[PDB]
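Below: the structure, in structure tokens.
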Amino acid sequence: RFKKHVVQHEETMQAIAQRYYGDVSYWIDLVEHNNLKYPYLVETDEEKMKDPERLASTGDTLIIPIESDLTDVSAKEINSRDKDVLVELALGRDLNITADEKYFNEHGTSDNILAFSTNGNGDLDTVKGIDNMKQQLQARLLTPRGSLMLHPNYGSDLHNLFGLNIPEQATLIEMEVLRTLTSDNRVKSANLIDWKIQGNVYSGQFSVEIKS
Amino acid sequence: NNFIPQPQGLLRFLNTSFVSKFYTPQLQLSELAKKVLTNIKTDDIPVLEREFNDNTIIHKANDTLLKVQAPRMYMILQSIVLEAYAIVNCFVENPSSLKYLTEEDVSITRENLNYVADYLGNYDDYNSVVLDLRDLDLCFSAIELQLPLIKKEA
Amino acid sequence: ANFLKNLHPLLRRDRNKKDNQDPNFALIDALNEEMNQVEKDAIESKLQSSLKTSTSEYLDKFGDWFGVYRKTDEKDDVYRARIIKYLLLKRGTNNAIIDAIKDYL
Amino acid sequence: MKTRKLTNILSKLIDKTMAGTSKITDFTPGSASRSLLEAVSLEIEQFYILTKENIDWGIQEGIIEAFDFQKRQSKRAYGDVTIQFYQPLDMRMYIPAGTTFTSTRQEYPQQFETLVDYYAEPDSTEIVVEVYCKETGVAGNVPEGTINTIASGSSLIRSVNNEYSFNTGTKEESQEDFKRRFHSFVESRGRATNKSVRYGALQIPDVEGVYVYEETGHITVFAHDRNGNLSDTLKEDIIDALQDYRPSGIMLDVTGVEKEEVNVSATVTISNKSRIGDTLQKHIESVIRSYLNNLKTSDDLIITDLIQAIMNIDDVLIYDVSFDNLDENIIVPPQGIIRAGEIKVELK
Amino acid sequence: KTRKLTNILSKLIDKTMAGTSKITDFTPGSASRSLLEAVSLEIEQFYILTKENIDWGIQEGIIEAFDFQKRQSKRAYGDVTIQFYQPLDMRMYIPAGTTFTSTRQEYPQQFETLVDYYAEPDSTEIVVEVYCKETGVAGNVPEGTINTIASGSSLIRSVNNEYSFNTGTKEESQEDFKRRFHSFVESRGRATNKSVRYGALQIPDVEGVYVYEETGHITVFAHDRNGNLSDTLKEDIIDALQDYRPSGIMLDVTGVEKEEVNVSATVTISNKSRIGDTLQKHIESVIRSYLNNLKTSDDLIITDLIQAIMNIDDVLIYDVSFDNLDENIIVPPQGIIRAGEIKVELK
């Protein structure tokens, strides 16, 4: 895992390692992760134009490992070249099945609702990054608790919670949604920020803390 | 060779117009195969005075008439075993043989493995060998992804 | 065995009438056809698994097991009957040895 | 029910998949759909192969079950040893069954034990007893002069040694052997036939070689173990078990075995002019010995069979073989058996 | 060898105390201690700079002299031109980091502008350099693909790239860099058998070349082209091999001949019930395939033929013999064995 950062005006590479990891001494290993040539951070972009991929300048992103992966040579090699592909790999890659986004939001808690799609040309669509995490939360919420053919106790009792719209039913629904969202270890916490009623319609929203 | 001996049958096997719709070979000897093969050819190697494990893939190839029916494809199998044999030796002993194998050398072995696997499918005498080689076809791909990474680690 | 049963409930299980081309269903139909064809082979292997109905390679295997070698240009129907007769060979008595002349005539 | 190789399956699968749309036709190795379909076709190929193998195993098992002709299990190794006393004996001393014999050599730690008692006659000086190996397989085939000690008190015994090698220690019978045995069993259902008496006398597990000689009014049976020595207990067991296949109106006798001796001299031109030392010659002599000793009474020495056996070595090494003495096939008499005598091998 | 922060700072402290008597306080916060720490940090950075330079040198710097090129995963870039409806009347701004998205749906490639550009007051067209986001060969795009800009404007009409992106680059391992160098050095060998063989194989339509060496003459013959050699190829390869032949040694090139063998073998089978047309056909096919696959100048030893024909099945075959083959047949160096007529009798 890693933290994101950006190059500030005339910040030296010594200064970053000292602020995040404490000891300045660690900058030496920290430059290999960002694959930098000797002018590790340089102010001017027309100087980055010298050989763009092997440098960082003012306004560019940087990668900051956690201290345990700082010394790992494999983490060094991977972070050297992958660069922005970090987030995608770290959140993982999967087949996209939100083909009919307008449609699956008309019949949730019913089956047969999702389907493969095609993007690009001649290849099934795929999803990655934060979109993948959303899609997976979405599918997990719209699936009943014991309906996947292996590893059951997956999904929700959202199909079971339909009731007289009195507030206790609404707190129950809130708690089920929060449990469902907090099931995945990748997510830190969820919390409600609004619940709202319109006769026979529930509405509400939840904030979820995704790890960096 | 430096640490332990090897079976007599494997030493004897190793010293020495069909087309697929998906594959074509090229008969490159890998750099590590090139120098390990000379040692096998020379007598400077320990060897055992008895043989066991008759279920190995080597005896399977020997039992079938693949030598006389298709000596081309018999040759390719020897090449597959030569690369596959060497990359087993370096991890268990003599690490100094590293930085003499590249992902391109390991990649083309799958090309040659599947180019022979289609041919083997045309005669269901060789099913026992077919079954074996398919298991190794996924084994090499893992080594190709990790070989550039392992080399930097070591 | 039923690939359209026995699966993730959300993957749609019959084609979209709404538009012409549905890759999802094309994939599911191809896979279902392949594994149905596999099932049909595995059911069809009942006849091959018994000497009374084994044919082609499996009957030659049976005949090699019993030792009775297939004659050149011999059909399975007569080859099975030959095997059955040879397994129940009747020889050792003078009448049986004479009666064995039918196989040497 | 037939094989279908991976690429055949994969092609049929993609061909079906492309029906009804044209937003899929891109199957480079990097594509994920290709990888999934390759994996499915790999699994279907393995399924077909395992199905065919399991069918063969089912056929074999039904053949077992129908006629109750179970495959021979692991066969014990046994032979003879010589006990040597310090002096000729003073009393009718006795060895009990289940006395242990062990070889002092570290490379053959396998033990041996006796099964029937023996009494040593007074004023005798040596005695030959039979020992059976606890372990079963290849490890019982120890070389000559391997069993040195009796692993006990050995107060009146000086040393123990064996003059002959153990050859009866064998591994489990392969499929081919079982098929050969079963084809003789199927052909042996009619009694009063030589091929029937073959199975008749081969039914004992210990017997390996067996031959039957016939004449106008008498039948004779010649059989032996892998070592090549008939025993009285084996003859008795043969007589007891063979009653159900013996001809009614014709006498039968089970006896008669002789070791025919021949000296083999061959000339081998190795392709490599280097590495033509007597070490490889020792290996070649040991292979020739193992080949010749493996024959039985019913087999006969053939030049071409010997050539095949010795040329099992890779033809790149050995380029030519010739015999200086052997120029015609030798016909073994029915009672005798051909085996290696003193062998001499040289380069040129 | 490189020394760390601590050693340099400690040497500076010790030398200051040895020289200077004025200075005695070195708490964290002294202007003098942090002056020394700044000096030490810059020295350590220069040490790491030399370390990286030495690493590059040992890795590829000695080899750079020789005729080879190194690749460093440089992302693809190429000139791109933009057009407007009318000439401008203002100095329009073009920020760094501007994204030029692919117009084709099938191409997910994207590109970004590293440096800012300022349109002229009245120029109707301007060309800028754009670098791809994705490294490797995947960043290559055909001509006439980049025709959309994320930061669109009313004045902007369309975008096009006349020249294709050729600067796509992929980096291999040190072994791949070293192997081509080894192959080039090895290829410079001459006046040897292996070098002559390589130099013959360099020209196309040369395969399975065989070399025969003698103190007197050197003779080379091959069956490269469909089993035959043509006169024109002989003339061409004679001229090529002049650079490879040894000085003062004669060189000769000739064709390849074949010797068809006639054999009528007999095979005894233990179980005569097994015999059939298919069995003898298969035996004849195995024999003819074995006799066809013979190496150049390979003597037809009867012993190997016996081994080969008997190894079909040891239980099946009991005895074998050849009616019309007396001993082993010796062949010249230029001769190759072929199957003329084969017949197999079953006994």
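Here the Cβ positions follow ideal geometry from the backbone for every residue, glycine too, while neighbour counts run over all protein chains shown. Readers should treat all values here as calculations from the given coordinates under stated rules, not as data from a laboratory.
List the pairs from C:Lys102/E:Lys347; C:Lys75/D:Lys179; B:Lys34/E:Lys178; C:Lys90/D:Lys296 whose alpha-carbon separation is above 19 Å, in the order I gave them.
Working: C:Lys102/E:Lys347 25 Å; C:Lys75/D:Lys179 23 Å; B:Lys34/E:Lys178 15 Å; C:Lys90/D:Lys296 31 Å.
The answer is C:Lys102/E:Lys347; C:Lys75/D:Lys179; C:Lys90/D:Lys296.
Can you give the FRET efficiency for D:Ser290 and E:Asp236, using 1/(1 + (r/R0)^6), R0 = 56 Å, r = Cβ-Cβ distance, to the nearest 0.05?
Computed FRET efficiency for D:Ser290 and E:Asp236 comes out at 0.50.
What are the GluC sites (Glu not before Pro) within the stretch E:1-107 that DSSP puts in a loop, where the Cβ has at most 13 other Cβ atoms within 10 Å?
Passing sites in the stretch E:1-107 are E:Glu106.
Going through the stretch A:48-152, which GluC sites (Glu not before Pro) have at most 16 other Cβ atoms within 10 Å and a DSSP loop state?
A:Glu106
Estimate the FRET efficiency between A:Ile78 and D:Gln281 by the formula 1/(1 + (r/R0)^6), using the beta-carbon distance for r and 60 Å for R0, to the nearest 0.05. Intermediate values should be presented prior to the final figure.
Values: r = 58 Å, r/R0 = 0.97.
Step by step, r from the Cβ atoms, then E = 0.55.
Quote the FRET efficiency, to the nearest 0.05, computed for E:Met90 versus E:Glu162 with a Förster distance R0 of 30 Å and r equal to the Cβ-Cβ distance.
0.70
Where does the protein assembly as shown land at 222 nm, in deg cm²/dmol rounded to the nearest 500, when only DSSP H runs of n ≥ 4 count, each adding -39500 (n - 2.57), divided by all residues?
-11500 deg cm²/dmol
Which links in A:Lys48/E:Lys1; A:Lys37/A:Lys188; C:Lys17/D:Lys16; A:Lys48/E:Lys15; E:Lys22/E:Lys51 stretch past 28 Å when you go from one Cα to the other? Each step should come with its number before you reach the end.
On the way: A:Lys48/E:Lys1 30 Å; A:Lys37/A:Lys188 37 Å; C:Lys17/D:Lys16 20 Å; A:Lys48/E:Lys15 39 Å; E:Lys22/E:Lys51 37 Å.
Violating the 28 Å Cα-Cα cut-off are A:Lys48/E:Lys1; A:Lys37/A:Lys188; A:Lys48/E:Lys15; E:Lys22/E:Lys51.
Tally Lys/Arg at +1 and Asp/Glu at -1 over every other residue whose Cβ is under 9 Å from the Cβ of D:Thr82; what's the total? Could you put the intermediate results ahead of the total?
On the way: positive: none; negative: D:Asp80, D:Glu126, D:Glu163.
Spelling it out: positives minus negatives among the neighbours equals -3.
So which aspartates and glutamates pass the test for A:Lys102, namely a Cα distance under 20 Å, with those fewer than 8 places away in the same chain ruled out?
By straight Cα distance, A:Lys102 reaches A:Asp111, A:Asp125, A:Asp131, C:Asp14, C:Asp19, C:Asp22.
Of all the C-alpha pairs in the protein assembly as shown, what % are more than 61 Å from each other?
For the protein assembly as shown, the share of Cα pairs beyond 61 Å comes to 36 percent.
Roughly how tilted is helix A:73-82, in degrees to the nearest 10 and between 0 and 90, from the longest Cα axis of chain A?
On a 0 to 90 degree scale, this one is about 80.
Could you point to the residue in E:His217, E:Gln280, E:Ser230 farthest towards the positive end of the stretch E:214-284's charge dipole, with +1 and -1 charges on the Cβ of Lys/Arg and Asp/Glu respectively?
E:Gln280
Give B:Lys35/D:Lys171; B:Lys151/D:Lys5; B:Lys41/B:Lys99; A:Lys134/D:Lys23 a once-over and call out the pairs whose C-alpha atoms are over 30 Å from each other.
With Cα atoms farther than 30 Å apart: B:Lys35/D:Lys171; B:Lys151/D:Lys5.
How far apart, in nanometres, would the label points at B:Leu48 and E:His217 be if each is projected 7 angstrom from Cα along the Cα-to-Cβ direction?
Result: 5.3 nm between the two label points.
Peptide D:12-23: average number of partner chain Cβ atoms within 10 Å per residue?
The shielding value for this peptide is 6.
Let me know the charge dipole size of the stretch E:92-135 about its Cα centre in debye, to the nearest 20, where only the beta-carbon of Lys, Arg (+1) and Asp, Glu (-1) is charged.
Working: 2 positive and 8 negative charges, 44 e Å.
Charge dipole, the stretch E:92-135, about its Cα centre: 220 debye, nearest 20.
Please get the size of the charge dipole for chain D, origin at its Cα centre, with Cβ charges of +1 on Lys and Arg and -1 on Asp and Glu, quoted in debye to the nearest 20.
That gives a dipole near 1660 debye.
Suppose we flag GluC sites (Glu not before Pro) only when DSSP calls them loop and at most 14 other Cβ atoms lie within 10 Å. Which is the longest uninterrupted stretch of chain D?
It works out to D:216-327.
Name the residue from E:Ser73, A:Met133, D:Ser22 whose Cα lies farthest towards the positive end of the charge dipole of the protein assembly as shown, charges +1 on Cβ of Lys and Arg and -1 on Cβ of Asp and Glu.
Working it through, the farthest residue towards the positive pole turns out to be A:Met133.
Return the loop-located trypsin sites (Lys or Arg not before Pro) in the stretch B:34-124 (DSSP other than H, G, I, E, B) with at most 16 other Cβ atoms within 10 Å of their own Cβ; answer none if there are none.
Taking the stretch B:34-124 and a limit of 16 other Cβ atoms within 10 Å, the loop trypsin sites (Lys or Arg not before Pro) found are B:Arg50, B:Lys99.
Other chains near B:20-29: what is the mean number of their Cβ atoms within 10 Å of each residue's Cβ?
Taking all residues of B:20-29 together, the mean is 1.
Work out, in µm²/s and without decimals, the Stokes-Einstein translational diffusion coefficient of the stretch A:1-123 at 20 °C, 1.002 mPa s, Rh from Kirkwood over C-alpha pairs.
Translational diffusion coefficient: 124 µm²/s.
Going toward the positive end of the dipole of the stretch A:53-208, with +1 on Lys and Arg Cβ and -1 on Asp and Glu Cβ, which of A:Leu192, A:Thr143, A:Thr58 do you reach last?
A:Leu192
Calculate the dipole size of chain A relative to its Cα centre from +1 charges on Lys and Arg beta carbons and -1 charges on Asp and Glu beta carbons; express the result in debye to the nearest 20.
So the dipole magnitude of chain A works out to roughly 460 debye.
Give me the percent relative contact order of chain E, please, defined on Cα pairs under 8 angstrom at least 6 residues apart. Let's see the in-between values first.
Numbers: 521 pairs, mean separation 44.4, N = 347.
Value for chain E: 13 percent.
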